[PDB]
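Asks: Can you keep this structure in mind? I'll have questions shortly.
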Amino acid sequence: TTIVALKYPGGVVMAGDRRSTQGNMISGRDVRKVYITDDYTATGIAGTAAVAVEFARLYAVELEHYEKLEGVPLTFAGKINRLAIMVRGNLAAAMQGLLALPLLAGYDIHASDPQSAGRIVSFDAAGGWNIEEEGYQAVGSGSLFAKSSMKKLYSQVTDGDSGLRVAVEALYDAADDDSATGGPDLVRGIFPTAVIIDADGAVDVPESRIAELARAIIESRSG
Amino acid sequence: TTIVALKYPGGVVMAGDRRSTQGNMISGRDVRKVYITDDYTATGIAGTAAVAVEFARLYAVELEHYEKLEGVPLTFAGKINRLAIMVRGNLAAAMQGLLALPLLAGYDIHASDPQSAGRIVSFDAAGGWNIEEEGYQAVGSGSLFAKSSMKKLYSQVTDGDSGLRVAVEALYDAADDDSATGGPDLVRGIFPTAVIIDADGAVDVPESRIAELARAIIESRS
Amino acid sequence: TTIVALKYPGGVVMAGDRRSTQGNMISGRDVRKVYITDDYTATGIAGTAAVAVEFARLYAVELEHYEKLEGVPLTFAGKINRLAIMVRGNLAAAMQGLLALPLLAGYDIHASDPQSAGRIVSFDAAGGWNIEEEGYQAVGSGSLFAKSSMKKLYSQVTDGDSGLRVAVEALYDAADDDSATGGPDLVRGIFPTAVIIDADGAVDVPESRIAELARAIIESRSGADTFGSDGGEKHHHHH
Amino acid sequence: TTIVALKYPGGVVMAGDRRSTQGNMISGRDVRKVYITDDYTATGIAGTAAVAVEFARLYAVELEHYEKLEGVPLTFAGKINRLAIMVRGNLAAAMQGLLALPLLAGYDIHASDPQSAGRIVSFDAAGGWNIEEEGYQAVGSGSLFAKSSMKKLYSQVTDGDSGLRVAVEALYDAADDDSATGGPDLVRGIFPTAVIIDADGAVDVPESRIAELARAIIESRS
Amino acid sequence: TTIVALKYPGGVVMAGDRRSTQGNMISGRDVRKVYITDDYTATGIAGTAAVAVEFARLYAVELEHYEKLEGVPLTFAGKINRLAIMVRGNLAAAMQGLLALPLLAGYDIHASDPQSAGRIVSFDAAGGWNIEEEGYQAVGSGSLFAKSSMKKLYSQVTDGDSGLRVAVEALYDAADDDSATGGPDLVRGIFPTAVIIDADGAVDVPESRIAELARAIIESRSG
Amino acid sequence: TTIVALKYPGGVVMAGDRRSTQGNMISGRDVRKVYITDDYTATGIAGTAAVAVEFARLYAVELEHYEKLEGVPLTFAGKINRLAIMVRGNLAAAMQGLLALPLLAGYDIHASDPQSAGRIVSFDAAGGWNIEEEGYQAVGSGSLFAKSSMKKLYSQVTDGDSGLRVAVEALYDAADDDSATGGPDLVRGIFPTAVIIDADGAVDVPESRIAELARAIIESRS
Amino acid sequence: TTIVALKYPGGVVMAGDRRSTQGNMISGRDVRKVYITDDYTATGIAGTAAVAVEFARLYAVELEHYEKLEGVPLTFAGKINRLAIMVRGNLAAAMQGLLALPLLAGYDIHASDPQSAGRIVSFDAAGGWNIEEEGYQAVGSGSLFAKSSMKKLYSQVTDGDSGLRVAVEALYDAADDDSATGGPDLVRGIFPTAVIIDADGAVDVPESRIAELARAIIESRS
Amino acid sequence: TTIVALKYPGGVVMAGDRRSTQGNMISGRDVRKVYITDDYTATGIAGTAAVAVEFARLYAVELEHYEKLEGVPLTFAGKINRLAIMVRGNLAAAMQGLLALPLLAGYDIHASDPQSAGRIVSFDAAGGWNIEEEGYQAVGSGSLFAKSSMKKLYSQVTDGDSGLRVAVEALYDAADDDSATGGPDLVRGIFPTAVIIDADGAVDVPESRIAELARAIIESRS
Ligand SMILES: *C(=O)[C@]1([C@@H](O)[C@@H]2C=CCCC2)NC(=O)[C@H](CC)[C@]1(C)O
Ligand SMILES: *C(=O)[C@]1([C@@H](O)[C@@H]2C=CCCC2)NC(=O)[C@H](CC)[C@]1(C)O
Ligand SMILES: *C(=O)[C@]1([C@@H](O)[C@@H]2C=CCCC2)NC(=O)[C@H](CC)[C@]1(C)O
Ligand SMILES: *C(=O)[C@]1([C@@H](O)[C@@H]2C=CCCC2)NC(=O)[C@H](CC)[C@]1(C)O
Ligand SMILES: *C(=O)[C@]1([C@@H](O)[C@@H]2C=CCCC2)NC(=O)[C@H](CC)[C@]1(C)O
Ligand SMILES: *C(=O)[C@]1([C@@H](O)[C@@H]2C=CCCC2)NC(=O)[C@H](CC)[C@]1(C)O
Ligand SMILES: *C(=O)[C@]1([C@@H](O)[C@@H]2C=CCCC2)NC(=O)[C@H](CC)[C@]1(C)O
Ligand SMILES: *C(=O)[C@]1([C@@H](O)[C@@H]2C=CCCC2)NC(=O)[C@H](CC)[C@]1(C)O
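Protein chains in written order, with the numbering used here: chain A, 185 to 407; chain B, 11 to 232; chain C, 1172 to 1410; chain D, 11 to 232; chain E, 185 to 407; chain F, 11 to 232; chain G, 11 to 232; chain H, 11 to 232.
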């Protein structure tokens, strides 16, 4: 698994691979690992699928629940805290192998400066969180490969589209070096999924845009 | 890893993938796992990379050693026995994680009927061997996928070329389902290696022929 | 054990073998592993026999329970969630050798496009589920053999009968390679069971069509075996 | 695995199934488990395949080795003792999972009464042996089913052919109840192998004869 | 990690490095480990990030909670006891690898002599506390190097400014000998954080001030 | 520790960091980890220092020993085999926490094409070796960061100087992400060491050249 | 750690060292280990710092709590029992390494004979207590050294001042032989603390008096 | 234990504390840990006393043995290697708890520049050695304190006497923070021992010079 997230001027993008495995066996090729959790946030999760999925589903319900009860959404800091508490609650199970780690991306409508209102937050198994300041982050078995790739490509990020391209290329580098991360599948037409979030909210990136970027990356390296 | 071998009218073909890993990490993309061990035999090995390479190397030396000392090569049965003894000798080390399992393919110049002189032999960790009679075999983490694929494609094998095509497609199916087996890499131009053996001896299959077959398999599935 | 499920234009079919074992011993030859759980869904279970039967029985009760209480059946997504929660609830027991894994097949009456309303969903021990979209799935010790077989035969599925045939052939290939899966028993007349589900609902497939399909698969392999050889050599002859 | 042996008036018959497995997986369908070890004896072996084959191969060499060195074959009791010593020698390996148990069938040319010169001997992991006196014996995971079947069918053995039939039916019952034992495979035409030994020596039973008995048992149960 | 604290005439200073690691990997470069917990106290924490952060957050809430309920802030001794009880409460978890150890610095408004009203308190895993009487203390994997450095530099601490400079140099020595403690990062412009507390209260030291001190220390040792 | 090696047109460069640690403690700042082992080869080693230093020293003696005894140096393949055998010989100790892994760089004087005569070989704990074909390799705790960095920078390598620059930058990237790898120390004036090998032999890269490259990388990133 | 207590005509004195350690490291030099727990009692504690401090603090609160609620202080026997019960309550934690052992010294206002109203009570991990009647006692890693020293010096105790001198010299002897007990630190001017208790109540001994005695002991041994 | 060594213009000095312990108990106050091992070298050892003494004794014999046999002393590099091999030989025992680590100080008569001919070499449990390049080193439980102290005082070393003073002060700081290292004992008149080595050879520093330095350090800190 590999999930990446990066900030660009005016927003944030999060993308994830489609592979699921059982030991060495490829058991899934179209899993979606990045979810829009509310109008301004997306959650990507690595680790045990059952827990990962529950986290994303319960977390979206909890965010909207607060909103309906209180009339206003939680502040970004409050959203982070709720995710952290949810991860912390799974600590015992995690020690027993049901370990799941989310990566949170969002756009803070209340931030002072809009161009930098993008947010990336990582979490550890005990519920510790860290608001990323370096511009990008990644979780999963291919995360180190992805991060070392973004380290070299990040300077090319100037807007949402160059942001998305660097994210897809980082996932491509993760797949190139980590057999547990799925690369673009040209035969079946399956590609990484991605969410972009800016002042207008969180939106799924259309598969055809990702397909085009992936094919370009492949062609480019083919020579 | 996946190494396959299958028999076709007049000979045998053995093909192997190119991937090496360390845990989930892809650590190699061009490893050669199939070796010509003498004029009429090829060995493909799965398992611990260090042990596999050493088995193939020592085994070829042992075969030629006998030939130079005695003036004639070992009978095919003798070749099988030496490889089995070599595997048996690694049993202790294997239980400690140094396990390697070879797959042997050959053409028996002394067999009565030439069209069926092809031989495929598999081995277990204790040195047990079995001369295959169903037409094909495979070893490695992708072997079950490869064998289930060849079970459906084998009736198409009628000569060396259709044999080669089915072998490459079996490796393609193994890579499709086993993350530890490498599929054809069109970006880097790296494909499975293969050896064909018939009455004229063992010869490495040129990469261009495999690339061709691989692209046709991919085109067909898209 | 092997349970398979596959989608065909307009529906879905699920079929299961009949073997039960205790170690190497064959302890049962007529176990039924595929259940109609409601009018539009079937459940096939692999693993610990005791837990498997209980999951199917309790799940059917839970689906009907909701229907009687609320006046309407659960949406397909809700059916999936309930089965996932039930599996998750057995996680402790499963880590202690009581593990069971279900495979769910259904027809979604509320799906937009009827020809593809067929649904196949797999589950892992922790309750994780995945709606299958490659057309087929299988669970049990013979599942890898069944899936590799279906991978090569799936392009032949064009309707319910060809789908049934392919499912039976996949079970046949699983039994051919997995000693824990039972093949067709011609001496006793026992064959895999199957359920077909389409817009008119889930129905058990009659034993006689499955028996016919099975003998046809066997005669066909018998013929191919004689036609074939080992790179030219034939080591056995039928007599 | 299931190997059976039974005495009939004037000789003995030994038959074995063809299945090899690795966990639940069927890894082989034509394995031969019964060997003619010398002119008057056959050995069938169950357990670890590597070791089983070595035993049979080494044992035949040892019997013929004695014969060439001393000019005469070992007495039947001496043949038993050598086999026992070979099994005992594998005891450490066996406790480590490489356990193989042979079943020995023979015809004693030096026995006083020819009609009963047939011999069946079983062995345990420590090298203990027992000359069977009840008429039949079996080894392997399906042995209990085979023995209970022979217990009911043994009164039908009156000569070599009815003995061969009972042995095949015992293997059929073992496969019917033990998933590790292979039944007759009508699709592939593969059947249990058998060896018959009488005053004229040990001979392999032709496959066609076993196929016919197998079909009659199946028809009869159908 | 290294957190240092030292008393100077009239107050106290606490400074912390910015590194977070996962095994040998540097996983963070801008973590803040020193928090102002109330108007007159600061808490620096080493160990498990998740527990560390939760300690500081809950501790700040608990101190203000008492103040709002009772109308007056807790005495300094009461503040120490509350932190000790919180640490003790994590002992079972700590034995499971979730260990966190705080270092408390404060200014006691009720102390008789103002020049020495500065306070430094250390804590062990069982909730034991000790009010430091030798002028400085440190916690974390680089604490012994920091303390041995302050032992030689402490006589130079005559006021809050030289106290801040020494604190920075002790952290510099900790980073020089402990790979788990981060040194000043001149390329990215990231430096240790610090808090100064005197009769006017606790205040964050501006990063620019720390950067100047760090550059000066670096120039000096260069020759 | 991080040691990197990369091929450039006409040769090869190997560079290593200078840090040694004991747990979290920095215990050394000027360790040299890259050695010229003969006129055309360099060895860099990661792992337990006592064993690493021993391996480089013993290996250079072995290479020269052969040369003096036989009158000619070992072929490159033979040099690889000797290093592999030495590593294999330490396996028991390595499972005991004494593990050391070398990285070998060389220039093959007997290679057909001089521009590509550069060689990079990696080794695993069991003595398995692999001649690298992707152009670069790295060993040590910072190796993955270094390899990911070189993957993006490798296309800039057109000669020995750009090759050296990319190697230093890879080490810089390794130190930026791995606390166990030492970055350039501007205060003390200590920098990574490097060896360049081309048709004229292996020569140590002067510290001043490395220092200029390091400063340029630092200025570039700030 | 070392805490000593001894009876003198008319009262009792308790004194403790100032060292705290973490393994071999000296982590503290001014810890106070002897507390006045009520007007007529002092408690000194050895073992886990966290537990010892909590024992002294909770115990003082419990004694005064009883006094305020009931209007009169607990009898000396009651005070002993409360401390024993508190120690017993820590048993589980103590078996887990959180072990602390108190030493209690007091003056019993209700005793018949005032010259001997001094009391010293020791405690074990399970809450067992013992009223010491031999004149002195000590707890901590240096206690055996302190007791053997007091055994030889005790006959010199004739009043409060000589009692104080013997206590300080016993702590001196403990520090002389036990690296975990701190000696008088002349450089920093830190000395053992002490509490004296007689008919007028418990009072802290001024540091200057202890420093004086310590200097005299050192002069004497020089 | 703490043993320090530092280079000064023209030579080197090595000094060690005098304490030996058994658990928390001080079991010795006058142990000598620094030995002159030949005319130009001194060895200081920490760890298990039995093994430490054996090392110093055996090593001095080995150095002189070579000299008598070959007519010339070993080069400094050879002396290092011999000590390393001796340490490596104790690795199995060290794992079992008999761990001893030497620190080597010497003056290399064959060095090009005399003012810097001083040498300091440290060793790890596996026999790994490192020629110190930053001016000083220390071994033992108080070594980190001693090194952090020398890091601040080293710029004061300008000759043999200031180097000896700084070495004594570093040992004083080690004793101040490590209960296992002995400080100057003014009551008994026992101080750290030291060896100075320059072009004229290794000589023991007279106790009176060390006593004066120690008393001055103590008064200074008072
Ligand atoms: C990824 O972390 C991975 C996925 O299978 C899993 C599936 C769906 C969404 C959550 C992530 N988890 C694992 O355990 C695999 C094995 C290493 C995986 C492919 O990495
Ligand atoms: C295959 O068996 C595999 C290869 O890495 C290895 C490399 C070279 C030749 C021998 C075979 N061995 C392993 O351990 C991997 C993980 C399961 C592998 C990719 O399958
Ligand atoms: C299959 O999964 C299998 C069946 O015995 C069992 C029986 C009835 C319904 C649920 C499935 N379960 C087992 O434990 C056997 C051994 C691996 C089995 C035949 O596979
Ligand atoms: C039988 O004993 C069996 C055979 O696989 C084996 C193969 C060839 C000749 C010797 C016997 N051994 C096993 O381990 C299997 C599983 C228990 C087996 C099928 O019973
Ligand atoms: C420090 O103690 C350290 C920090 O990562 C951690 C991070 C943020 C605030 C609390 C302290 N904790 C650890 O576990 C690391 C291990 C080497 C650390 C760098 O020392
Ligand atoms: C590197 O591999 C490293 C070095 O300390 C060591 C020292 C000198 C030359 C050989 C390599 N070895 C280790 O054990 C450290 C910790 C993982 C190290 C810094 O990486
Ligand atoms: C003494 O018992 C000792 C002290 O550190 C401790 C500190 C303050 C008051 C209670 C006693 N406790 C220990 O664990 C040390 C090690 C043996 C100690 C110095 O003896
Ligand atoms: C020091 O290393 C130490 C000494 O007792 C010992 C004695 C004589 C010369 C060799 C060194 N070794 C130990 O085991 C003690 C306790 C940890 C010691 C005081 O440190």
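Ideal placement from N, C-alpha and C gives every residue a C-beta, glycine not left out.
In the DSSP assignment, find the alpha helix (DSSP H) that holds residue 250 of chain A and state where it starts and stops.
Replies: 233-254 is the span of the alpha helix (DSSP H), which, as asked, contains residue 250 of chain A.
Asks: Quick one: what's got a C-beta closer than 7 Å to residue 38 of chain F's C-beta in the same chain, skipping five residues either side?
Replies: Excluding sequence neighbours, residue 38 of chain F sits near 29 and 30.
Asks: Quick check on the burial criterion: 16 or more other C-beta atoms within 10 angstroms. Buried or exposed for residue 1240 of chain C?
Replies: That one is exposed.
Asks: Work out the CA separation of residue 20 of chain D and residue 45 of chain D for me, nearest whole Å.
Replies: Approximately 20 Å between the Cα atoms of the pair.
Asks: Please report the residue range of the beta strand (DSSP E) in which residue 386 of chain A lies.
Replies: Here the beta strand (DSSP E) through residue 386 of chain A covers 385-388.
Asks: By the three-class DSSP mapping on this structure, what secondary structure does residue 43 of chain G have?
Replies: In the structure shown, residue 43 of chain G sits in coil (DSSP, three-state: anything other than H, G, I, E or B).
Asks: Name the residues in the region 201-227 of chain A whose C-beta lies less than 9 Å from a C-beta of chain C; which are they?
Replies: Residues passing the 9 Å Cβ filter: 204, 206, 209, 211, 212, 213, 214 and 215.
Asks: Chain F beta carbons: is any one of them nearer than 7 Å to that of residue 328 of chain A?
Replies: Yes, residue 328 of chain A lies at the interface with chain F (some Cβ there is under 7 Å from its Cβ).
Asks: Whole-angstrom Cβ separation of residue 1186 of chain C and residue 1364 of chain C, contact assumed at under 8 Å?
Replies: Contact holds; Cβ gap of about 7 Å.
Asks: Return the chain-ordered list of same chain residues with a C-beta closer than 8 Å to the C-beta of residue 107 of chain F, the five sequence neighbours on each side being excluded.
Replies: So the list reads 58, once near-sequence residues are dropped.
Asks: Give, in chain order, every residue of the region 203-231 of chain H whose Cβ lies closer than 8 Å to some Cβ of chain G.
Replies: The residues in question are 228 and 231.
Asks: Nearest-angstrom Cα distance between residue 313 of chain A and residue 1225 of chain C?
Replies: Their Cα atoms are separated by approximately 42 Å.
Asks: Distance check for residue 381 of chain A and residue 387 of chain A, CA to CA, integer angstroms please.
Replies: Between residue 387 of chain A and residue 381 of chain A, the C-alpha separation is close to 6 Å.
Asks: Would residue 158 of chain B count as contacting chain A if we go by Cβ distances under 7 Å?
Replies: With 7 Å as the cut-off, residue 158 of chain B does not count as an interface residue toward chain A.
Asks: If you reduce the DSSP assignment to three classes, tell me which class residue 188 of chain G lands in.
Replies: Residue 188 of chain G falls in the strand class under three-state DSSP.
Asks: Could you give the residue range of the beta strand (DSSP E) that holds residue 99 of chain G?
Replies: That residue, residue 99 of chain G, is in no beta strand (DSSP E); its alpha helix (DSSP H) goes 86-99.
Asks: Using Cβ-Cβ distances below 7 Å, what residues of the region 127-140 of chain B are close to chain D?
Replies: Under the 7 Å Cβ criterion, the region 127-140 of chain B contributes 134, 136, 137, 138 and 140.
Asks: Where do the ends of the alpha helix (DSSP H) carrying residue 1324 of chain C lie?
Replies: Element bounds for residue 1324 of chain C: 1314-1324.
Asks: Quick check: the Cα distance between residue 52 of chain G and residue 32 of chain H, rounded to an integer number of angstroms?
Replies: If I take the Cα positions, the gap works out to 33 Å.
Asks: Just by C-beta distance, which residues in the region 52-72 of chain F are closer than 9 Å to chain H?
Replies: From the region 52-72 of chain F, only 58, 59, 60, 61, 62, 63 and 64 have a Cβ closer than 9 Å to chain H.
Asks: Quick one: what does DSSP say residue 241 of chain F is sitting in, helix, strand or coil?
Replies: The structure shown has nothing for residue 241 of chain F, since chain F only spans 11 to 232.
Asks: Listing by chain order, which chain D residues have their CB less than 8 Å from the CB of residue 234 of chain B?
Replies: The question about residue 234 of chain B has no answer here: the residues shown for chain B are numbered 11 through 232.
Asks: Where does residue 195 of chain D fall in DSSP's three states?
Replies: Strand.
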